[PDB]
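Shown below, as structure tokens, is a lone chain in the form deposited in one PDB entry; questions about how it binds or moves come after it.
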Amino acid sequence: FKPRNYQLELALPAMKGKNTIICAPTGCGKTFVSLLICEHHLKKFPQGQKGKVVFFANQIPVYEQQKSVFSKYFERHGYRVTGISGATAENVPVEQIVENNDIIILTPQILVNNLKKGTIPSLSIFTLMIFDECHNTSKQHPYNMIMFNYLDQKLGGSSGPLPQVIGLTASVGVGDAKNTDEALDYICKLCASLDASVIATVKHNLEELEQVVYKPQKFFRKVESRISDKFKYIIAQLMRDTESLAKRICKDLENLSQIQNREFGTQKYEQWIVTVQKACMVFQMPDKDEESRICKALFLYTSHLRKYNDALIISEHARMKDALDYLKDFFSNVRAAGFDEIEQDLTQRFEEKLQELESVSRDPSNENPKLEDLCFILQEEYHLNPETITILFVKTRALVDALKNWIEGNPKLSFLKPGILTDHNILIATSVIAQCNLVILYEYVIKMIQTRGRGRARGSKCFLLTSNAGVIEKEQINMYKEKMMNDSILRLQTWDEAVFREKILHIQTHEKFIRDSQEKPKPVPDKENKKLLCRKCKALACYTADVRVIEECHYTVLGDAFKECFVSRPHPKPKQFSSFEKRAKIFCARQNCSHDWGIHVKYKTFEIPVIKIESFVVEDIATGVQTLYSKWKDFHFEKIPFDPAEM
């Protein structure tokens, strides 16, 4: 309700009428800076002329937070504040909201879709554009797709009343630069893509910035892995049996991939599984009955090796007991769905070593050494200060439940309460509010931006727990990349404003030349009629002459013969994206295939089985060759548009 001295130095170049890349390290500081520019811009206009300041928000909780602030502030002055979201883009005309409002806080994804349709054909209707968190404008962003339409009007020759491109960020960033010469080239490339001339930073009011900065200290603690790994020895014997069982029907399995010697439980072995599994999907046996048996058996032998390799990464980071619960959960779901001769042999091979795996998991000397000292640093802070909140960042969602059950059932950590964010003493989140004075980075590699509240700092810690030298030396050079970022900003701030507007003017023309050179159109569509087969069973589903395109993104099937080829199943989390309503989920209607084919949605009145190309294989009926496409744009064929007049 009352501005300060440091909240006026940042918005001082913004009130002059030029674009600024204001970087405030506070959470509510960026909200109060933007309100000062928004109030000053609307008051300087004479009668008849009105402002159309648009505040772009990247997320929906960021859109709903700024919608309450801008409505509880611009209400005594008589301004109209609205908001267009993904749930609000329908049932209203998009042209009539902009012409009858001033304080639109609509998301940038609707503006990119409208510029392709024809509604709001130019950005000359707006007078001010505010880009919240504008550091994401690097490549192909929805922030960048508006600037591609803005720079084409400035450097095109039809420039009208162009608006300001001010942006309130919190970290400008360097990228993948090694030296200051490349780090300087990233900031001028960001200033060229946002048409900037000024970069405001708090230099004269550093005393008030020190009160709210949230700067913790570094507490790197490198630990070692376990020596007596007996859980890995029993699992790796089952993986060698399954790899040998899959070689009885494919003698050239080692020739299908070009990866080196693989260790079980690593990331290099996971890439070898997908490369092998994609190589057995293009088999061309002319029997067409034994082909559906070898491709179904090799899909199950590669899926069990995928779950066996995934269970060893859980035992490497989390507890040994929770790794056994991941395999028993996978084998329970595969038993209830379907049973054949292939899956029953793999199920009974795991049950013969189940009692051996359950004995080494309940050993008090087989504790993970990463969890052995995580409990030690959690019981030393709570003995020192027992009223501290902490937070834990986990990389993989399969480990965020294993460390929740580790606390629930531990006598040394009986005071902690789970705060899983996949009356809460701990907070086990995956990826990020300025209330917890403890940060633990459990094997989680731009640092954590914990700048959300306008509170205090009070002293925080930044413990980094890892078991390899890659994560230790990565944070050591991240402090060097953050040190050279402030030096490259202060060097840019001591230049001349007349030459910096011409320095970025040659980057906007160079980047447009690359954008005008990468205009390669689509190739000739294959007029031959190919058919789509299943990925697990290789059964015939449909042809490429019954595929219709709804809105250049989604692909449905028109023919009625496909309607008896799937079975419905309800969605666990239905939602809507601007033209559809998720109601069911289609699967393969075979005996024991149960392959995920796509989804079932309602577009206007009908129900269309929208499928994906990641679960099919394209076989040409003329030659007989099979290919595996991963995206619908790479599949170049005759794309007939959908017509609701037929059915």
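Numbers for residues come from their place in the sequence shown, where the first is 1. Rigid core here is just the name for the largest C-alpha set that superposes within 1.5 Å across the two forms.
Missing here is the form deposited in another entry; even so, the following discussion is about that form.
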Report summary line: The mover among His506, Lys203, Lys178, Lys288 between this form and the one not shown, judged by a CA shift of 2 Å or more on the rigid core, is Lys288
Query raised in the report: For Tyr214, is the C-alpha shift between this form and the one not shown 2 Å or more after core superposition?
Result: yes
**Report entry** Threshold 2 Å Cα movement between this form and the one not shown at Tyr543, rigid core reference
**Finding:** yes
Query raised in the report: Superposing on the rigid core, do we see a C-alpha displacement of 2 Å or more at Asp229 between this form and the one not shown?
Result: no
Report task. Might you say whether the CA atoms of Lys72 and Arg454 end up closer or farther apart in that other deposited form than in this form? Their distance differs by 3 Å or more. Result -> farther
Query raised in the report: Which way does the C-alpha gap of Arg456 and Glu482 go in that other deposited form, closer or farther, given it changes by 3 angstroms or more?
Result: closer
